[PDB]
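Chemist: This is the structure, below, for whatever I ask next.
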Amino acid sequence: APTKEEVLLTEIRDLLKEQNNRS
Amino acid sequence: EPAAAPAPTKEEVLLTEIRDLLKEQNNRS
Amino acid sequence: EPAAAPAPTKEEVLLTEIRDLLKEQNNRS
Amino acid sequence: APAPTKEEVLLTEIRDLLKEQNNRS
Amino acid sequence: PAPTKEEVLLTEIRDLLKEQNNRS
């Protein structure tokens, strides 16, 4: 399984992608 | 033999807070 | 006072700074 | 260089995204 | 005592966020 840390970093990456897309 | 569900890493707790802040920021708009 | 934890890792310090910056920006925006 | 860790790859992408934001703001 | 790649990246991320806050 991926680590909790990898999953959280993936979420963070995705949230920043979404910020950049909506700006 | 050690704990099966030990406390998460300090890294994990901080990344959680960072995640929460970015998500809340997004949720404002 | 609460006990002072063992010395934080460089990772922890940087992540805490990042958290602080995001909190600051959320608060003033 | 040796293969990057999964965390390094993600942090690099996060860096890249923030740099893009900086350039675009 | 060389920095780790993780440290190098987190330092840049921190600096970019400081810049964002300053320019906002």
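Starting from 1 in every chain, residues are counted up; chains themselves are A, B, ... following the order of the structure tokens, and ligands are numbered from 1 as listed.
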Where does chain D meet chain E within 8 Å, residue by residue, with the nearest atom pair and distance in Å to one decimal for each, counting only C-alpha atoms, listed by chain and rising number, as a tab-separated table?
Modeler:
```
residue	atom	partner	partner_atom	distance
D:7	CA	E:6	CA	7.8
D:8	CA	E:6	CA	5.9
D:11	CA	E:9	CA	6.4
D:12	CA	E:9	CA	6.5
D:14	CA	E:13	CA	7.6
D:15	CA	E:13	CA	5.4
D:18	CA	E:16	CA	6.5
D:19	CA	E:16	CA	6.9
D:22	CA	E:20	CA	6.7
```
Chemist: Only N, CA, C and O atoms, please: the residues just picked out, written as an mmCIF file, in the first residue's frame.
Modeler:
```cif
data_model
loop_
_atom_site.group_PDB
_atom_site.id
_atom_site.type_symbol
_atom_site.label_atom_id
_atom_site.label_comp_id
_atom_site.auth_asym_id
_atom_site.auth_seq_id
_atom_site.Cartn_x
_atom_site.Cartn_y
_atom_site.Cartn_z
ATOM 1 N N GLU D 7 8.177 10.285 -2.770
ATOM 2 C CA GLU D 7 7.979 11.589 -2.156
ATOM 3 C C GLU D 7 8.736 12.708 -2.882
ATOM 4 O O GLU D 7 8.183 13.781 -3.080
ATOM 5 N N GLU D 8 9.987 12.470 -3.279
ATOM 6 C CA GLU D 8 10.726 13.459 -4.073
ATOM 7 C C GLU D 8 10.003 13.813 -5.371
ATOM 8 O O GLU D 8 9.944 14.980 -5.767
ATOM 9 N N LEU D 11 7.009 15.977 -4.443
ATOM 10 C CA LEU D 11 7.458 17.303 -4.009
ATOM 11 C C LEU D 11 7.974 18.116 -5.189
ATOM 12 O O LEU D 11 7.833 19.338 -5.220
ATOM 13 N N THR D 12 8.607 17.455 -6.155
ATOM 14 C CA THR D 12 9.066 18.192 -7.326
ATOM 15 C C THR D 12 7.883 18.726 -8.119
ATOM 16 O O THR D 12 7.911 19.857 -8.594
ATOM 17 N N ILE D 14 4.923 19.450 -6.894
ATOM 18 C CA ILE D 14 4.352 20.511 -6.071
ATOM 19 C C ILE D 14 5.145 21.798 -6.257
ATOM 20 O O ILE D 14 4.563 22.874 -6.456
ATOM 21 N N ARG D 15 6.475 21.691 -6.207
ATOM 22 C CA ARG D 15 7.344 22.827 -6.503
ATOM 23 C C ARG D 15 7.004 23.408 -7.880
ATOM 24 O O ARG D 15 6.866 24.626 -8.032
ATOM 25 N N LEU D 18 3.740 25.395 -7.895
ATOM 26 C CA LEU D 18 3.860 26.691 -7.225
ATOM 27 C C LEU D 18 4.667 27.661 -8.075
ATOM 28 O O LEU D 18 4.372 28.849 -8.111
ATOM 29 N N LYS D 19 5.691 27.158 -8.755
ATOM 30 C CA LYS D 19 6.458 28.011 -9.654
ATOM 31 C C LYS D 19 5.587 28.509 -10.806
ATOM 32 O O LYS D 19 5.671 29.681 -11.185
ATOM 33 N N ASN D 22 3.371 31.246 -9.480
ATOM 34 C CA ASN D 22 4.203 32.445 -9.341
ATOM 35 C C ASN D 22 4.319 33.176 -10.668
ATOM 36 O O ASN D 22 4.104 34.387 -10.752
#
```
Chemist: Can you list, as an NGL selection string, every residue of chain D that DSSP puts in alpha helix (DSSP H)?
Modeler: :D and (6-24)
Chemist: Pairing every Cα of chain C with chain B in order, what RMSD remains after the least-squares superposition?
Modeler: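 After least-squares fitting, the two copies differ by 5.0 Å C-alpha RMSD.
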Chemist: For chain B, which residues have at least one atom within 7 Å of chain A, if we go by only C-alpha atoms? Write them as a PyMOL selection string, please.
Modeler: chain B and resi 12+15-16+19+22-23+26
Chemist: Write the residues you've just listed into a file as a CSV table (one decimal), in the first residue's frame, and include C-alpha atoms for each of them.
Modeler:
```csv
chain,number,residue,atom,x,y,z
B,12,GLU,CA,2.0,12.9,8.2
B,15,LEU,CA,0.9,17.1,5.6
B,16,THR,CA,-2.6,16.6,6.9
B,19,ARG,CA,-3.8,19.4,2.9
B,22,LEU,CA,-5.3,24.0,0.7
B,23,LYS,CA,-8.7,22.2,0.6
B,26,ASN,CA,-10.3,25.9,-2.5
```
Chemist: Output the contact residues of chain B with respect to chain C at a cut-off of 8 Å, based on only C-alpha atoms, as an MDAnalysis selection string.
Modeler: chainID B and resid 10:11 14:15 17:18 21:22 25
Chemist: Go ahead and write the residues just picked, C-alpha atoms, as a PDB file, in the first residue's frame.
Modeler:
```pdb
ATOM      1  CA  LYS B  10       5.039  14.123  12.430  1.00  0.00           C
ATOM      2  CA  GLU B  11       5.428  14.442   8.661  1.00  0.00           C
ATOM      3  CA  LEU B  14       1.821  18.296   9.129  1.00  0.00           C
ATOM      4  CA  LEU B  15       0.939  17.113   5.617  1.00  0.00           C
ATOM      5  CA  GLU B  17      -2.709  20.217   8.114  1.00  0.00           C
ATOM      6  CA  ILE B  18      -1.267  21.435   4.820  1.00  0.00           C
ATOM      7  CA  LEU B  21      -5.500  24.378   4.491  1.00  0.00           C
ATOM      8  CA  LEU B  22      -5.291  23.993   0.724  1.00  0.00           C
ATOM      9  CA  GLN B  25      -8.857  27.585   0.585  1.00  0.00           C
TER      10      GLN B  25
END
```
